[PDB]
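Visitor: Sharing a structure below in structure tokens format, with a few things to ask.
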Amino acid sequence: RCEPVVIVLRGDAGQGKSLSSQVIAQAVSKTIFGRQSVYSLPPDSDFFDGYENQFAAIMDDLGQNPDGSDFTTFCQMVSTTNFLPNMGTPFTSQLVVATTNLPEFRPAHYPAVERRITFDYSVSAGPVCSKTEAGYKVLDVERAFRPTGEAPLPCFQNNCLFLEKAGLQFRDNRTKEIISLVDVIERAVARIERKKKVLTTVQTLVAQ
Amino acid sequence: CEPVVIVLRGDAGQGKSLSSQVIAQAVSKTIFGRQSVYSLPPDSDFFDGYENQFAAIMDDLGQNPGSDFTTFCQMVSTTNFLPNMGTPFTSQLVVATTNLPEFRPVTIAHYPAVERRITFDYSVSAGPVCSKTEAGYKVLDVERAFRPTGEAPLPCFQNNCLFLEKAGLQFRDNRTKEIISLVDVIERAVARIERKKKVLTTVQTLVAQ
Amino acid sequence: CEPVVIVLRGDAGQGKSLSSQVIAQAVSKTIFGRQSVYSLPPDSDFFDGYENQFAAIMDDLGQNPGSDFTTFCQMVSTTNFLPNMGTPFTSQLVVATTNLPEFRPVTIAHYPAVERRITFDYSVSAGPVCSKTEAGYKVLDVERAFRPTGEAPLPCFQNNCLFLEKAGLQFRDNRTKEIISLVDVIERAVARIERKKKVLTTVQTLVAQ
Amino acid sequence: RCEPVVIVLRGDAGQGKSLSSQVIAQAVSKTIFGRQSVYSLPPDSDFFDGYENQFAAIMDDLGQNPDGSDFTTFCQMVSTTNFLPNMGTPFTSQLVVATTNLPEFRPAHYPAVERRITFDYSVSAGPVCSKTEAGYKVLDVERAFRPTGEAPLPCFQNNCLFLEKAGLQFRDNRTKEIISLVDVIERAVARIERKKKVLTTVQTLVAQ
Ligand SMILES: Nc1ncnc2c1ncn2[C@@H]1O[C@H](COP(=O)(O)OP(=O)(O)OP(=O)(O)O)[C@@H](O)[C@H]1O
Ligand SMILES: Nc1ncnc2c1ncn2[C@@H]1O[C@H](COP(=O)(O)OP(=O)(O)OP(=O)(O)O)[C@@H](O)[C@H]1O
């Protein structure tokens, strides 16, 4: 049970946080595991009924359950120890994606997580897919999915502005760099390949 | 997926029923291409006559002290509700009228679970130009409200009328305390339904399987 | 007979897990001739999958306020432990990682009975050359730790790495306050296991029966 | 119930105290009783469950139980009176071997035992089976069991340095003589044959 790679996506409503979470999970897991393998946690059910050791697991709206059944669920989901979600299936997902409304986290033991959090991104519609709806700025969904040519990675069936920082922007809350969803994926994939290169060097050290 | 839910709160005789019907007729005519509207029989555990209509209307949520309250929370679900009559519930739009100013159901212990389930939460009342006094109370002058005034403001109407305006009939967004017309309501509900569909297609295609 | 017990105390993210595995892989490869390692599933009364592996590892002794503490004292016994799944426990080496600095179990009233049962009692921590700061805390730079540096220092490794040295990863004997490498630990645990076997043969042969 | 012959083996760790205790018990009892007959007391169990009147009985680590459940157990084990260990089987062993870490004994009634103690030996590896292990001097176990010729007594299957003062040394704490394990045995055996010669002269005195 190695530590999973964690991406947290921060943002306001109608910026595509959940769409992105899904499309980050499908595309990282398709690229490495070779297929989509996504479990989406249920909202307000401390029941991972449906979990079949999928490659990627999604949490919607961390820091929305007033009690904290989440956060703890989340904390357990990345301790190198063995979580056992209720039903006895074990928790093994190599990628965890969680979305939240909070610009930062404040639920005492929060910084003890923040090492666990590999990538911290704030999401907001890019300048040429930003629309207004009921007076709010939101991702232009109709414009951001129009096909715009050959896919920028094999796991995509085509390109579109959703995939480019002109359409949707991911601001790395630590490097303060601003990347596309494709970048978000590539970085997540690199880091996993690294964790697998290291792990292989560790189980090949002592001979068999 | 999961349905767009509109709640029309408001006094009685303010056009709760009427707007809930024109909303469901107008959205489904805009999006489906023809009207498609299921009116749930109140005082019926059984969804007799459900034919997987696009829009479904619930008259008077908040009664039978708690069938409706829970048949509601079922209807709005990611999972596949099987009503008593078997058949899945597949409606993309749910309009529910109610009398209360806030909701705290007695069967649904967690009534903050119902609240992320409500896309738009409006309070209906007659507008200044369409409010007559009928036996000492203020109600909607319906006959004035539906008198043709000219070109439909959207193609799914066959003419304009004051009902469509906020001088005739008013909707207070109960979250942005913003006051909009029935047409505004219909436009915003279409935007969402369509935004949802287009996202759903993306989540299902685009990344190879 | 009775097993050699190693306890690896130490902070988390210091290579407790990792060294406990390389110890068990390396000893059993040195002595048995092939790796032979049972990892006890934490949160399991049942030793599901015990196949009489040479080495058995216990991750995180000191939890469930007291199954593990007693399943421990069983495992280390002259008598023949029958775990829940029947089959005898026959492992010659037991590695147990823990978080505490000392042991005073709550089920095992006499916790000075556990202590003659612990052959080696180590405290693990990253070494000076392999300790990066990760989010304000000091942890083991694993990737540096396992980077090949040359010839294996013992034949059961396929190369040397800093993990094997006390610049990479440090073990404080908690009894001689002596500070040794992972290789030192493996060598000392082999010496004992082999010393035990050879004594046992003597006690069973040599005097006629 | 005649008094048993008692050997106490003093020594530091890794000098073969317990190995010796076992091999002294097996070899004295095999020589006289004609078979191995060894009971090893359990550690921290005032329960001689397993005791079936074996010829020799072994105590490990006298002066290690802080309470003194030992010592008393030990004291009772050599009073000519009848000990009854818990279960009602009686205690009859003609040889008692006990090991300890203490260079001397200090647990008030200790000298009252010390008559009971026939042989007091301190054990330490002999000069050509002494090894270093984690910086400590210890008995070279691999070297001390290599067969070195025909056994020096019939109850042994061969000779080895374990059996010789070059391999393992027993210092008689009273004669300050230094003997081998084979000597330790021969002396223990002689003394028992003597106790049996005397006893026979006592039950043959009055005619039948
Ligand atoms: N502009 C907006 N203002 C307030 N709430 C909104 C807005 N747009 C959508 N919502 C509602 O608020 C919730 C939060 O939206 P969120 O961004 O988490 O969903 P998404 O799938 O990432 O994007 P979208 O809202 O476009 O579907 C949604 O469930 C939606 O019903
Ligand atoms: N050099 C040493 N220093 C400290 N403790 C040791 C050493 N060697 C062994 N031990 C441990 O201390 C205990 C005391 O050893 P003791 O001499 O009583 O056992 P033995 O059977 O006589 O000899 P050995 O220790 O070689 O097995 C043993 O149980 C062993 O686990």
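Residue numbers start at 1 in each chain; chains themselves are named A, B, ... in the order of the structure tokens; ligands are numbered from 1 in the order shown.
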With a cut-off of 9 Å, could you pull out the residues of segment 90-141 of chain C touching segment 51-70 of chain C and give me the nearest pair of atoms for each, distance in Å to one decimal, using only C-alpha atoms, ordered by chain and ascending number, as a Markdown table?

Guide:
| residue | atom | partner | partner_atom | distance |
| --- | --- | --- | --- | --- |
| C:90 | CA | C:52 | CA | 5.7 |
| C:91 | CA | C:54 | CA | 4.7 |
| C:92 | CA | C:54 | CA | 5.6 |
| C:93 | CA | C:55 | CA | 4.7 |
| C:94 | CA | C:56 | CA | 5.1 |
| C:95 | CA | C:57 | CA | 4.8 |
| C:96 | CA | C:58 | CA | 4.6 |
| C:97 | CA | C:60 | CA | 5.2 |
| C:98 | CA | C:60 | CA | 4.7 |
| C:99 | CA | C:60 | CA | 6.9 |
| C:100 | CA | C:62 | CA | 7.5 |
| C:103 | CA | C:62 | CA | 8.5 |
| C:105 | CA | C:69 | CA | 6.7 |
| C:106 | CA | C:66 | CA | 6.9 |
| C:107 | CA | C:66 | CA | 5.8 |
| C:108 | CA | C:70 | CA | 6.7 |

Visitor: Please extract the residues of segment 17-48 of chain B with a backbone DSSP assignment of strand (DSSP E) and present them as a VMD selection string.

Guide: chain B and resid 37 to 40

Visitor: For ligand 1, return the neighbouring residues as a list in words (distance at most 7 Å; only C-alpha atoms and all ligand atoms).

Guide: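 Checked against 7 Å with only C-alpha atoms and all ligand atoms; the hits are residues 12, 13, 14, 15, 16, 17, 18, 19, 133, 134, 136, 137, 138 and 139 of chain A; 119, 195 and 196 of chain B.
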
Visitor: Could you write out as a PyMOL selection string the residues of chain A within 6 Å of chain C, counting only C-alpha atoms?

Guide: chain A and resi 115+198+205-208

Visitor: List the neighbours of residue 39 of chain A out to 7 Å using only C-alpha atoms; skip same-chain residues closer than 2 positions along the sequence, and give me the result as a list in words.

Guide: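 Contacts, with the query itself left out: residues 37, 41, 51, 54, 56, 57 and 58 of chain A.
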
Visitor: Write out, as an mmCIF file, in the first residue's frame, the residues just selected, with N, CA, C and O atoms.

Guide:
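What landed in out-v4.cif:
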data_model
loop_
_atom_site.group_PDB
_atom_site.id
_atom_site.type_symbol
_atom_site.label_atom_id
_atom_site.label_comp_id
_atom_site.auth_asym_id
_atom_site.auth_seq_id
_atom_site.Cartn_x
_atom_site.Cartn_y
_atom_site.Cartn_z
ATOM 1 N N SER A 37 -10.781 3.587 -14.910
ATOM 2 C CA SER A 37 -11.047 2.844 -13.677
ATOM 3 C C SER A 37 -11.271 3.913 -12.610
ATOM 4 O O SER A 37 -10.338 4.337 -11.922
ATOM 5 N N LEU A 41 -16.887 8.495 -4.978
ATOM 6 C CA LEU A 41 -17.426 8.347 -3.633
ATOM 7 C C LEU A 41 -18.857 8.798 -3.548
ATOM 8 O O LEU A 41 -19.242 9.794 -4.149
ATOM 9 N N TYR A 51 -17.069 0.229 -4.544
ATOM 10 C CA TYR A 51 -15.618 0.236 -4.670
ATOM 11 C C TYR A 51 -15.123 -1.153 -5.017
ATOM 12 O O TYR A 51 -15.321 -2.098 -4.254
ATOM 13 N N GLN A 54 -10.743 0.376 -7.800
ATOM 14 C CA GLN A 54 -10.505 1.121 -9.028
ATOM 15 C C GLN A 54 -9.226 1.945 -8.915
ATOM 16 O O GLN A 54 -8.776 2.297 -7.822
ATOM 17 N N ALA A 56 -8.570 5.046 -9.751
ATOM 18 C CA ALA A 56 -8.757 6.419 -9.320
ATOM 19 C C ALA A 56 -10.054 6.523 -8.532
ATOM 20 O O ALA A 56 -11.032 5.838 -8.834
ATOM 21 N N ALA A 57 -10.056 7.376 -7.524
ATOM 22 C CA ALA A 57 -11.217 7.560 -6.684
ATOM 23 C C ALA A 57 -11.452 9.053 -6.523
ATOM 24 O O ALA A 57 -10.499 9.818 -6.333
ATOM 25 N N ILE A 58 -12.723 9.462 -6.598
ATOM 26 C CA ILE A 58 -13.096 10.866 -6.650
ATOM 27 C C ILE A 58 -13.891 11.205 -5.403
ATOM 28 O O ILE A 58 -14.806 10.469 -5.027
#

Visitor: Set the distance at 7 Å and use only C-alpha atoms: which residues neighbour segment 171-186 of chain D once local chain neighbours fewer than 3 positions away are removed? I'd like the list as a VMD selection string.

Guide: chain D and resid 24 28 120 to 123 163 to 165 168 189 to 190

Visitor: Using the selection just defined, write its residues with N, CA, C and O atoms as a PDB file, in the first residue's frame.

Guide:
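To be explicit, this is the file written out as out30.pdb:
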ATOM      1  N   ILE D  24      23.573 -31.413  30.242  1.00  0.00           N
ATOM      2  CA  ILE D  24      23.927 -32.089  31.487  1.00  0.00           C
ATOM      3  C   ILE D  24      22.775 -32.984  31.941  1.00  0.00           C
ATOM      4  O   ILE D  24      22.990 -34.112  32.404  1.00  0.00           O
ATOM      5  N   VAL D  28      23.400 -37.025  32.199  1.00  0.00           N
ATOM      6  CA  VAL D  28      23.402 -37.680  33.495  1.00  0.00           C
ATOM      7  C   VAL D  28      22.254 -38.673  33.571  1.00  0.00           C
ATOM      8  O   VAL D  28      22.440 -39.830  33.966  1.00  0.00           O
ATOM      9  N   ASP D 120      28.352 -25.661  42.293  1.00  0.00           N
ATOM     10  CA  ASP D 120      28.186 -24.274  41.863  1.00  0.00           C
ATOM     11  C   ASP D 120      29.220 -23.973  40.780  1.00  0.00           C
ATOM     12  O   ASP D 120      30.419 -23.896  41.068  1.00  0.00           O
ATOM     13  N   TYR D 121      28.767 -23.798  39.541  1.00  0.00           N
ATOM     14  CA  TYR D 121      29.656 -23.565  38.409  1.00  0.00           C
ATOM     15  C   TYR D 121      29.319 -22.249  37.728  1.00  0.00           C
ATOM     16  O   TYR D 121      28.142 -21.939  37.513  1.00  0.00           O
ATOM     17  N   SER D 122      30.355 -21.486  37.373  1.00  0.00           N
ATOM     18  CA  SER D 122      30.224 -20.345  36.472  1.00  0.00           C
ATOM     19  C   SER D 122      30.694 -20.758  35.084  1.00  0.00           C
ATOM     20  O   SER D 122      31.809 -21.263  34.931  1.00  0.00           O
ATOM     21  N   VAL D 123      29.865 -20.519  34.080  1.00  0.00           N
ATOM     22  CA  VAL D 123      30.113 -20.947  32.704  1.00  0.00           C
ATOM     23  C   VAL D 123      30.636 -19.793  31.861  1.00  0.00           C
ATOM     24  O   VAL D 123      30.155 -18.657  31.975  1.00  0.00           O
ATOM     25  N   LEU D 163      32.321 -30.235  24.579  1.00  0.00           N
ATOM     26  CA  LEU D 163      32.564 -31.155  25.672  1.00  0.00           C
ATOM     27  C   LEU D 163      33.915 -30.959  26.365  1.00  0.00           C
ATOM     28  O   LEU D 163      34.169 -31.651  27.346  1.00  0.00           O
ATOM     29  N   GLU D 164      34.779 -30.041  25.916  1.00  0.00           N
ATOM     30  CA  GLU D 164      36.134 -29.921  26.451  1.00  0.00           C
ATOM     31  C   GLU D 164      36.412 -28.521  26.981  1.00  0.00           C
ATOM     32  O   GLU D 164      35.919 -27.540  26.436  1.00  0.00           O
ATOM     33  N   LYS D 165      37.260 -28.405  28.010  1.00  0.00           N
ATOM     34  CA  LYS D 165      37.440 -27.068  28.565  1.00  0.00           C
ATOM     35  C   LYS D 165      38.081 -26.112  27.579  1.00  0.00           C
ATOM     36  O   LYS D 165      38.074 -24.902  27.828  1.00  0.00           O
ATOM     37  N   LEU D 168      34.420 -24.872  26.143  1.00  0.00           N
ATOM     38  CA  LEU D 168      33.487 -24.355  27.128  1.00  0.00           C
ATOM     39  C   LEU D 168      34.070 -24.666  28.504  1.00  0.00           C
ATOM     40  O   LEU D 168      34.568 -25.771  28.738  1.00  0.00           O
ATOM     41  N   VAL D 189      27.504 -37.647  38.244  1.00  0.00           N
ATOM     42  CA  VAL D 189      27.092 -39.043  38.198  1.00  0.00           C
ATOM     43  C   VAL D 189      27.649 -39.801  39.400  1.00  0.00           C
ATOM     44  O   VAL D 189      26.903 -40.461  40.131  1.00  0.00           O
ATOM     45  N   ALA D 190      28.955 -39.681  39.646  1.00  0.00           N
ATOM     46  CA  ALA D 190      29.577 -40.217  40.847  1.00  0.00           C
ATOM     47  C   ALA D 190      28.749 -39.943  42.097  1.00  0.00           C
ATOM     48  O   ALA D 190      28.387 -40.871  42.836  1.00  0.00           O
TER      49      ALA D 190
END

Visitor: Just give me the gap between atom CA of residue 209 of chain B and atom CA of residue 36 of chain A in Å, one decimal is fine.

Guide: 5.6 Å

Visitor: Just want the 10 Å neighbourhood of residue 79 of chain C, counted on only C-alpha atoms, with same-chain residues fewer than 5 positions away dropped. Output as an NGL selection string.

Guide: :C and (1-2 or 74 or 88-89)

Visitor: I need the chosen residues saved as a PDB file, in the first residue's frame, with N, CA, C and O atoms.

Guide:
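So the final result, stored in result_31.pdb, reads:
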ATOM      1  N   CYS C   1      10.737 -24.844  18.402  1.00  0.00           N
ATOM      2  CA  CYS C   1      11.599 -23.867  19.063  1.00  0.00           C
ATOM      3  C   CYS C   1      10.834 -22.577  19.392  1.00  0.00           C
ATOM      4  O   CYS C   1       9.788 -22.615  20.053  1.00  0.00           O
ATOM      5  N   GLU C   2      11.355 -21.438  18.907  1.00  0.00           N
ATOM      6  CA  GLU C   2      10.908 -20.111  19.318  1.00  0.00           C
ATOM      7  C   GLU C   2      11.574 -19.092  18.395  1.00  0.00           C
ATOM      8  O   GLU C   2      12.756 -19.243  18.056  1.00  0.00           O
ATOM      9  N   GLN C  74       1.094 -14.525  21.368  1.00  0.00           N
ATOM     10  CA  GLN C  74       0.861 -15.887  20.900  1.00  0.00           C
ATOM     11  C   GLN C  74       1.966 -16.288  19.932  1.00  0.00           C
ATOM     12  O   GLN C  74       2.700 -17.247  20.190  1.00  0.00           O
ATOM     13  N   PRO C  88      -0.280 -24.842  12.483  1.00  0.00           N
ATOM     14  CA  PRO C  88       0.722 -24.339  13.428  1.00  0.00           C
ATOM     15  C   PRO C  88       1.407 -23.092  12.887  1.00  0.00           C
ATOM     16  O   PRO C  88       1.469 -22.860  11.678  1.00  0.00           O
ATOM     17  N   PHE C  89       1.905 -22.271  13.801  1.00  0.00           N
ATOM     18  CA  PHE C  89       2.740 -21.137  13.432  1.00  0.00           C
ATOM     19  C   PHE C  89       4.201 -21.567  13.526  1.00  0.00           C
ATOM     20  O   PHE C  89       4.655 -22.004  14.588  1.00  0.00           O
TER      21      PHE C  89
END

Visitor: Any idea what the distance is between atom CA of residue 9 of chain C and atom CA of residue 121 of chain C?

Guide: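 Interatomic distance, atom CA of residue 9 of chain C to atom CA of residue 121 of chain C: 7.4 Å.
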
Visitor: Mind pulling up the distance from atom CA of residue 109 of chain B to atom CA of residue 7 of chain B?

Guide: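 Atom CA of residue 7 of chain B sits 19.5 Å away from atom CA of residue 109 of chain B.
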